[PDB]
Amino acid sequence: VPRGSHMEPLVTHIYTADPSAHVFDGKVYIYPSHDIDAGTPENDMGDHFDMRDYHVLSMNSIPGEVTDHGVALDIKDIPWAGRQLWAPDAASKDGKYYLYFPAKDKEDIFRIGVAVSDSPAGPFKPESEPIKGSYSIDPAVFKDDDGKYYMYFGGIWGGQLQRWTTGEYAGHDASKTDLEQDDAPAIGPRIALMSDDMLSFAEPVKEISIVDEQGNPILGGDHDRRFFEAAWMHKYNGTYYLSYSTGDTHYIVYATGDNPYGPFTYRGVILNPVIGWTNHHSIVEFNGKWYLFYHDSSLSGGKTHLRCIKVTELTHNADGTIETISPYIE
């Protein structure tokens, strides 16, 4: 049946989270996390999120029937992975499709791997090792207008970004949260231009600066605005929009800049807090309308780790500002 009409769950037969939506072959393909009721301990390191595979979803229209293409990748077939298949993303180049995914290696350190297919629906064959120089979580692979592809990535707390300040993992006894200096600039998300073959980074990883309207860095203590996880890039009017989750304050927010590397100036809220702790989204144009894909814990009755994806229309103003969405008003 058709789905996505009135902010209802897009699928109910499985739990789904962290929707990354793309337009490939005139369809919307969605690359979400596949939530399962593992019943593992819930804590601020995210051990309750113990996902083990990915299903690709597609829609020919919004609203529309949602197709579940089955298991596109299973952790049992990823040679380097130990546990926890978290939020993935996809890219298309020269007739090949690339699924990028964060997972903990055998030493319990998050890395980002790639898997390859001839179809946007998968299934995908994983590379035997993760991307060299990758770390932390939540990749968003963005194809710019000029044909260059960039990976945005990172997540603090359980995503371990705060343990990579030196370019090497600081260890399991290092910070469980952030830099632990609230008066210093907050940790920024990461960016790297992708190699021509889409399997590696083409440059040393850069950190993105996010500033307030006065041009001052967003500080570590500013949990309402500072980067937590779920980086996403889209463009409107030639302007670059870095959006992201703030985590413990439960917002999707956005910041704007004039190039992929920033700096980005904080503008405001995309999505107010939902049912359940996490908030994760993507923003995509389809048939000349812009859509915000997101999730909540509504279908499971509020369980943090059993989510469902939803969609709603997103409105840019001509000046580039975006109207804030509150999830449960209409």
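For every residue, the number given is its place in the sequence shown, counted from 1.
- As recorded in the PDB entry, 41 to 49 is the stretch of 41 to 49 and 287 to 295 with the greater mean C-alpha temperature factor.
- Relative to one another, 227 to 235 and 76 to 84 have unequal mean CA B-factors, and 76 to 84 is the one with the higher figure.
- Residue-level inspection of the entry shows that, of 158, 247, 95, 189, 95 has the top Cα B-factor.
- Note on 174, 137, 210, 140: the highest value goes to 174, judged by CA B factor as recorded.
- When all modelled residues of the chain are sorted by CA temperature factor, residue 216 is found within the middle third.
- In this PDB entry, residue 162 carries a Cα temperature factor that places it within the middle third of its chain's modelled residues.
- Split the chain's modelled residues into thirds by C-alpha temperature factor. Residue 25 is in the highest one.
- Residue 5 sits in the highest third of its chain by CA B factor, as recorded in the PDB entry.
- Placement of the Cα temperature factor of residue 62 within the chain: highest third of the modelled residues, per the deposited record.
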